[PDB]
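Engineer: Supplied in structure tokens, the structure appears directly below.
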Amino acid sequence: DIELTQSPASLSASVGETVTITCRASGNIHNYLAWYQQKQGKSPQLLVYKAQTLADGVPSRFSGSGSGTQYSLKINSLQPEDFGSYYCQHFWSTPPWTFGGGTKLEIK
Amino acid sequence: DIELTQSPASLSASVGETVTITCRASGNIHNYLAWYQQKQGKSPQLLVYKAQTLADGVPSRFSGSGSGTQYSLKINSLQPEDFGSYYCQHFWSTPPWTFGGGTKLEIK
Amino acid sequence: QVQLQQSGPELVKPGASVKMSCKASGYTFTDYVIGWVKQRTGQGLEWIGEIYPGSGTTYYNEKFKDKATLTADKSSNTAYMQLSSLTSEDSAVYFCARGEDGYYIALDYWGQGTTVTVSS
Amino acid sequence: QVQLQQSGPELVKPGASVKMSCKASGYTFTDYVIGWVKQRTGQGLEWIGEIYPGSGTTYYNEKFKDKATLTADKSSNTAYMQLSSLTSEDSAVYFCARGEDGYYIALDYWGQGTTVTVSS
Amino acid sequence: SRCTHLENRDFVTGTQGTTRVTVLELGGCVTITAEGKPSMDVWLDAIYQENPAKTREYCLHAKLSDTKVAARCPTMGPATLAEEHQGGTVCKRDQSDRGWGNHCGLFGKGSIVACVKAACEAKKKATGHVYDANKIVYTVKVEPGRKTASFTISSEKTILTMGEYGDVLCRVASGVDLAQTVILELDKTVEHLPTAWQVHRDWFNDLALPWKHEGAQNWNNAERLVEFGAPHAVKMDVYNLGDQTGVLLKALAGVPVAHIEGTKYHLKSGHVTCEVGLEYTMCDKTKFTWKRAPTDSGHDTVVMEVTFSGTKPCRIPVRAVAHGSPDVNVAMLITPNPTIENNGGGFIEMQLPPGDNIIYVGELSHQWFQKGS
Amino acid sequence: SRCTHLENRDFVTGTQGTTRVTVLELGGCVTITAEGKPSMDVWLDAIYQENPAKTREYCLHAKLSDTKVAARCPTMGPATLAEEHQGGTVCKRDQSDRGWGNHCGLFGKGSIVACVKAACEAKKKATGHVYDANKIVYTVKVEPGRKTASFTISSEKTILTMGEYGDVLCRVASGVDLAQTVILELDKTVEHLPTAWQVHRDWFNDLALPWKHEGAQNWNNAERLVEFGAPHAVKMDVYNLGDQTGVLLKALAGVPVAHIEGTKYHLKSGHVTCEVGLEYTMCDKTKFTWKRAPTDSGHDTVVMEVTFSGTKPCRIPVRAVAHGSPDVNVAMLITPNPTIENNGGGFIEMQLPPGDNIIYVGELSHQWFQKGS
């Protein structure tokens, strides 16, 4: 099976700044890893797919990156709507399509 | 074994006459048969041996004869001393040297 | 616009069963995978399983292989998840989500969620 | 002249034994056979047996093989007959008689007789 | 596919207008495909007869008893024993040296005879069987959910429903020649030994042992395990020639075996001629994983199994490139049109050019170094 | 006379000054006479050893048990069993065909080994014995009241008192050559069989059986009764080659036998060279009778026995005349100076001229027709 470890667990930052969160895959997932943003009590939104491609409607300030087993997501100029929970997931080779534990991003 | 049958069993005749007694052998005794005369309460005397030979002291009037299995003794001119019991016996090949039953010769 | 419309919330007793729906609006139903995801209150996301409604092909997480059963009705464009013999451990928000059949590399549209409460 | 002298008469009880003698006078003892003959009262002659005193060779009638035993003493010129375990059937006159050793074809001299009476 | 489990395999394909195909060998496998049809594997599974005919029983160890000897002096006639005219006995008549020293009146040859009763030891029997042409079963099997069809002379045609794949004539007269074969079955014991042998008829009939037919009480030629000793005055011994098991098994060295399934006697060789009436989209590249990594098949090809986790059924995008040019597929596929089905699919056999290549199944990859000829 | 009980007889006579005579063969008879001496019969009676030395034990029927099989996949090392380094076992190492179909990751040869414990069946043993030169008994017997003298290397001279006939050296070194002889003793059972055979040493040592020395636990070359089957995946059968009794006894056809008297092992052939230290009137013609009437001896002579009822001892007046002239004795007496003794005598052997003759013993007579040459 694949395990996805997200780091940090949580972080607090303010509007206009930049943060970077990471996702470590236990095995090689050939860049088939997507990122999803979830707000409190709401449904997950797709931000990034295939490690670094933004989904339709997603702001340029979201940078998908990484490769092999170490992936990352960087957000420039944080806006209020960026605060929430961030989840990574992977669709490579064989299920389960596991998720990470998520990183919790909040204001200051 | 050899059986010697004497015949007659007994006979009565008078002085001056002639009598003939016989001895029949059950098997061939090659002329080895002797004749003995016995008086009342006395010891047997040899008269004839080898079927027809007179023993020493025996009167010419005693005729030993026969052969093979049929033998005989003939007495001419009977005298008083001729009366008694007559026995035949045989010494051929193998014992017992059986006797006959005897012929009893008496006066008239 | 693509819309996944889920059914309303269920309040059931232990040992009971629930069947929830997911209705596909605004896209060719059979060309996309329907995937189901669990989320307990304040917890992470957990993949349950998924169905390829164009062929009826299913995949299930080993954790839920005896809990959930996935079906799909092509004519109404609706997918269904049925959860059997419920416990408190099944109290959670359940999501249906869309994936590209043939290049299944993300869940690009999510339904609003069906909340299941198991209770005394 | 040849003379065979026998012993005197015996009066004995049943089961007893007698031994009688025969003494040779007037001839070379060892050159002639001594033969023994039985005679019951008023009955025929029966050959018992005989001994060749020059060699001690004996012959016995089967009838008397366990009754009579024959011996002979060269030095005294005497032959002996011994009769064992007597019964009434043994009451009789017993004769010893002479025969030519080498041409044994007759008993040419007889003893006077030993009378044995077995009695109550 | 059953034909991927062995190298003994043939391949048959029906074109447009071919609704029938025509020689199965015992233990083989034929893959049969046809336009618009599913793939089926067909093979001759067994050739046998239940409770086959028996010819001779042979005895391996004589059970001799009741030895008797009779003898006569040189002119006292011939010697005789009751057993000379009895069944189940072995007797020998001879002449011994008779004279004063052994209680005969004359010096010369005296008639003597020795007899013995000859039985056979338990589990020391060898039975020969032959096949009845009207009772031989030819069982053939077909799989996509396997189905079985057995055949005999009075029933040479069977139609099978292959689960859900539709419906699908074996001439028993076109099978095995069993004119000169006898199946040899010994009793059981000696720790362990083959249950049966296939021997030539001639060899079997020439076996120098006591013999009989099933149900008989007296053994024929029982003297083959009996040795009479020399005659000595009023005696003449009867000897046992011993247990012939070892002798026989040495004679059976190099001989083919058979098999006994309870009551069913199976051949280890054969065939049957038959007649058979015969009446997608691309797989998601990101969903393949190796089940069995590409390895040398042992017969100069490369084999692999993959597990696919996308929509089923679909066609597998398998190719390989040689180090040097990544544009050109160098895979000579032996597994034609590799496809993932709902219940099966995923096995691929291919042949690659000498050198360092990369095998691709969707995006799944694995390097493969091919040795030169 | 013992020498009148058989034709195998020699005749030795000592003249004036001969007080000793010099090669007895086992089972013969020598009549020895000498001036002023009684007649004695001398012969070699037996040659044997009590509890002779043993060489090899051979096994006729393997007792196989605890069959084990171990196997490995093509690159999983060599297969192994504990029994490969244990005594009393037979093992074979081979290679089988391994692949995906029989649970190996690779296709290729896989190591396989099969072991079995090899014991020997009760009463299926063959023991070979040899003779110890210092323990061989040569027993010779003498009769006029028979007496016996046994000899060995440390005791080659025995003086016997022959009842009442006075007193009478055998070199054990001048006897049987036992350099290449082994006495073969099988266990006992098979109804009946010879107790022992005399086989050549070479033949015995070349016997293809399991073997050991007395008191040993494990059999050497036990694989001689074991046949390993072909390797099949993870299996390989162990077969028994069967009971070799019949095989052996057929090999023993034409072979001389021996004899076992409890503990004493006897030869059926031999001899011994020895050295022996030697320190009337006419019968009554009317007392002979026939005990055994003149008859053909079987070796071109005429024999008879008579019983004599006159004085013993004496010389028998035996003669014969041919029809034609009753004056001339035509009897060629073979029995020299025929005499009646106190305990024995009366047997006469003679040879007569072709034609109708009359035999006379005293006056006892019997006609005899002699056949021509």
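We number chain E the same way Swiss-Prot does; the residues here are 281-302, 304-425, 439-462, 465-575, 584-677, in that order.
From the backbone N, Cα and C atoms, a Cβ is placed for every residue, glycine too.
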Engineer: Among E:364-377, E:378-391, E:639-652, where does Swiss-Prot put the label region 'Fusion peptide'?
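Structural biologist: Of the candidate stretches, Swiss-Prot labels E:378-391 as region 'Fusion peptide'.
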Engineer: Of the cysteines E:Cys570, E:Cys587, which is paired with E:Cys618 in the disulfide recorded by Swiss-Prot?
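Structural biologist: Looking through E:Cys570, E:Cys587, the record in Swiss-Prot gives E:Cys587 as the partner of E:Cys618.
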Engineer: Residue list, the region 'Fusion peptide' (E:378-391) vs rest of chain: Cβ under 8 Å, 6 or more residues beyond ends.
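Structural biologist: Same-chain contacts beyond the ends: 352-357, 360, 529-530.
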Engineer: Would you find the one among the disulfide-bonded residues E:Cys396, E:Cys401, E:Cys466, E:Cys587 whose Cβ has the most company, meaning other Cβ atoms within 10 Å?
Structural biologist: E:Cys587
Engineer: Ignoring the 13 unmodelled residues, how many Å lie between the Cα of E:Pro425 and the Cα of E:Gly439?
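Structural biologist: Those two Cα atoms are 6 Å from each other.
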Engineer: For E:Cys401 (disulfide bond), which DSSP three-state class applies?
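Structural biologist: Its secondary structure by DSSP: strand.
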Engineer: Relative to the Cβ of E:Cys570 (disulfide bond), which residues of the same chain, six or more apart in sequence, are found under 8 Å away?
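Structural biologist: Long-range Cβ contacts: E:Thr302, E:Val304, E:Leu305, E:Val421, E:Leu465, E:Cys466, E:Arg467.
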Engineer: Could you check which of the disulfide-bonded residues E:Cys372, E:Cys401, E:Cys587, E:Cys618 is the closest Cα neighbour of E:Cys385 (disulfide bond)?
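Structural biologist: Answer for the nearest of the disulfide-bonded residues: E:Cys372.
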Engineer: Between E:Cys618 (disulfide bond) and E:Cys354 (disulfide bond), what C-alpha distance do you get in Å?
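Structural biologist: Counting only the Cα atoms, the answer is 103 Å.
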Engineer: Considering the disulfide-bonded residues E:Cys340, E:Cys372, E:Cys618, which residue's Cβ sits among the greatest number of other Cβ atoms within 10 Å?
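Structural biologist: Comparing the disulfide-bonded residues E:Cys340, E:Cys372, E:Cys618, the most crowded Cβ belongs to E:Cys340.
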Engineer: In this deposited model, 8 residues are left out between E:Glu575 and E:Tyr584; how far apart are their Cα atoms, in Å?
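Structural biologist: Cα of E:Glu575 to Cα of E:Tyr584, across the missing 8: 23 Å.
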Engineer: When secondary structure is assigned with DSSP, how many helix, strand and coil residues does the region 'Fusion peptide' (E:378-391) contain?
Structural biologist: 3 helix, 5 strand, 6 coil
